[PDB]
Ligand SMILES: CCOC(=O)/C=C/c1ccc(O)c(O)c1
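Presented below, as structure tokens, is a lone chain in the form deposited without this ligand.
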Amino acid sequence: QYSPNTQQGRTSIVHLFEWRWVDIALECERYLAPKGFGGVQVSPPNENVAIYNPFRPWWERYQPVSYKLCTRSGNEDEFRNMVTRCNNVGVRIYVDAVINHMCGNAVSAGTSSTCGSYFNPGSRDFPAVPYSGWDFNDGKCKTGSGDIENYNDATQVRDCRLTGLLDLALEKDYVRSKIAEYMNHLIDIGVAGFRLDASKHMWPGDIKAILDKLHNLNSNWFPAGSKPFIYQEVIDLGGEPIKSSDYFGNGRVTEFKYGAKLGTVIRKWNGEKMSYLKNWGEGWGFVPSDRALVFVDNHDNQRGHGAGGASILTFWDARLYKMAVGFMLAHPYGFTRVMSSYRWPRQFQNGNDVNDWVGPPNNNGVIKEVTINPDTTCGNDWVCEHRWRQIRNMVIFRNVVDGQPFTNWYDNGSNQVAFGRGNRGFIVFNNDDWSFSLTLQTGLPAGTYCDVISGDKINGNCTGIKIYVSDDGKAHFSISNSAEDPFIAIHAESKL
């Protein structure tokens, strides 16, 4: 459960948040595969509640109605088409599995679902699965409201409703079997793994029982005995009785402390400085690297919805965001996930975004297609951070330096640091309010290297900054605190 199952040499997955299956299929072939991306995390592919008030919010997708592969992203045929085309190009698909609950208990009964399925929350009836009152934890939860009221009580966190969402009785073999039936349908289709949504709200033992019911990956694309990659979303910033280490026996876990701390350091909040990143990793109290799924921001905290708070960096903070993603992709700790979002009209009031519910770009509720501009950026309000030169080139950087050790660290005791990955790559950062001009040991073989942040290596020439490494591995770096991107990265494959 701990191996990504990506093609050898591809080290990152990208979250194409709210994308349509047809657009992802095209993206696998025209961009992801050629640029070395390992895989894609897709939004929940199962039928969800169609919410009109507010108008089709992104979060309606986390309120399951059935396990039919029928959503605003497409139907089952389009989904299977996407998985097949992506796999044939070496790009894996990871499914966001919402298995802890069904929709909100206060949702009106009827057929306001993305596939017309009938459901009645009030009487606990979901005939399309089917589930009945016997399949929920209503009689097991002990809070007066029936919802989770206190995260200091590890029991109610698991047996009660997360903000009203009907909680499935995951201890019952019947329920475990319906969930496995759903996941095995996907595995046999060709998915390589899953993001287990709201894992903190499920007992580690119940999750394991479900995982034991899973098939090995489809033998038409994966070697015999391959097990699906599992990463569990468990928000553990300390201070709570539930620890992410309790879930190590099932697979990897999301390390939310990662983005939170990187954000405060790069923003230079309360005395924090980049020189402190010298021992970044377990040294900061993070989970073991081989159990970590890291990221700068996720679909939740980029809109102030999960954990991370005000320190989280997003595409809105473009300049600092590229630097944070750059550091993440160059550093050896964990398995990296790149975020890819859409723009929404943020409207802050008393420090809060009242439009944090806004769903993906659409026309009368129909999600807009991802259009590609002549300069390779996206239109129709899709941000496509994974297509930004600075981010795309660092995804390649991680591939090139994969396996290389963290070495040749340098820092000015403030916010100017640098380090290399074996003799395959080197990166320099300047986050101080003054210029950086120094000769450093890179550990790289002599030659002329193209800086992959400012430009590209276009066969024989660099479109941006060029770095010259001498015979002893030394090279001069000059970065003004006024540079568009205050950092430089060079690697074995950007050499001339």
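Definition used throughout: the rigid core is the maximal C-alpha set that superposes within 1.5 Å between two forms. For every residue, the number given is its place in the sequence shown, counted from 1.
As for the form solved in complex with this ligand, it is not shown, yet the points below apply to it.
Query - Which of 216-224, 417-425, 280-288, 323-331 sits within 4.5 Å of this ligand in the bound PDB entry, heavy atom basis - result: Among the candidates, contact is made by 280-288.
Report task. Please check if residue 244 has a heavy atom lying within 4.5 Å of any heavy atom of this ligand in the bound PDB entry. Result -> Residue 244 belongs to the contact set for this ligand.
Query raised in the report: Quick one: is residue 138 in contact with this ligand in the bound PDB entry, heavy atoms, 4.5 Å cut-off?
Result: Residue 138 lies outside the contact set for this ligand.
Query raised in the report: Are any of the heavy atoms in residue 407 no more than 4.5 Å from a heavy atom of this ligand in the bound PDB entry?
Result: Judged by the heavy-atom cut-off of 4.5 Å, residue 407 is well away from this ligand in the bound PDB entry.
Query raised in the report: Taking heavy atoms and a 4.5 Å cut-off, does residue 248 contact this ligand in the bound PDB entry?
Result: Flag for residue 248 set to yes.
Report task. Tell me, out of 177, 120, 88, 371, which residue has a non-hydrogen atom within 4.5 angstroms of this ligand in the bound PDB entry. Result -> Filtering the options by heavy-atom distance leaves 371.
Query raised in the report: Which residue among 184, 81, 111, 412 has a heavy atom within 4.5 angstroms of this ligand in the bound PDB entry?
Result: The residue from 184, 81, 111, 412 that makes the contact is 81.
Report task. Check each residue of 210-240 against this ligand in the bound PDB entry and list those with a heavy atom within 4.5 Å, in sequence order. Result -> Sequence-ordered list has one entry, 236.
Query - Out of 237, 89, 209, 109, the residue that alone shifts its CA by 2 Å or more between this form and the one not shown when the rigid core is the reference - result: The displaced C-alpha is that of 109.
Query raised in the report: Rigid core fitted, is the C-alpha displacement of residue 468 between this form and the one not shown 2 Å or more?
Result: After core superposition, the displacement of the residue 468 C-alpha between this form and the one not shown stays below 2 Å, so no.
Query raised in the report: After the core is overlaid between this form and the one not shown, has the C-alpha of residue 299 moved by 2 angstroms or more?
Result: Passes the 2 Å threshold, so yes.
Report task. Note yes or no: does the Cα of residue 218 move by 2 Å or more between this form and the one not shown after the core is superposed? Result -> No, the C-alpha position differs by under 2 Å between this form and the one not shown.
Query raised in the report: Between residue 309 and residue 286, do the C-alpha atoms lie closer or farther in the bound PDB entry than in the shown form, with a difference of 3 angstroms or more?
Result: They are closer; the C-alpha distance drops by 3 Å or more in the bound PDB entry.
Report task. Can you tell whether residue 286 sits closer to or farther from residue 299 in the bound PDB entry than it does here, judged by CA atoms, where the change is 3 Å or more? Result -> Distance between the C-alphas of residue 286 and residue 299: shorter in the bound PDB entry, by 3 Å or more.
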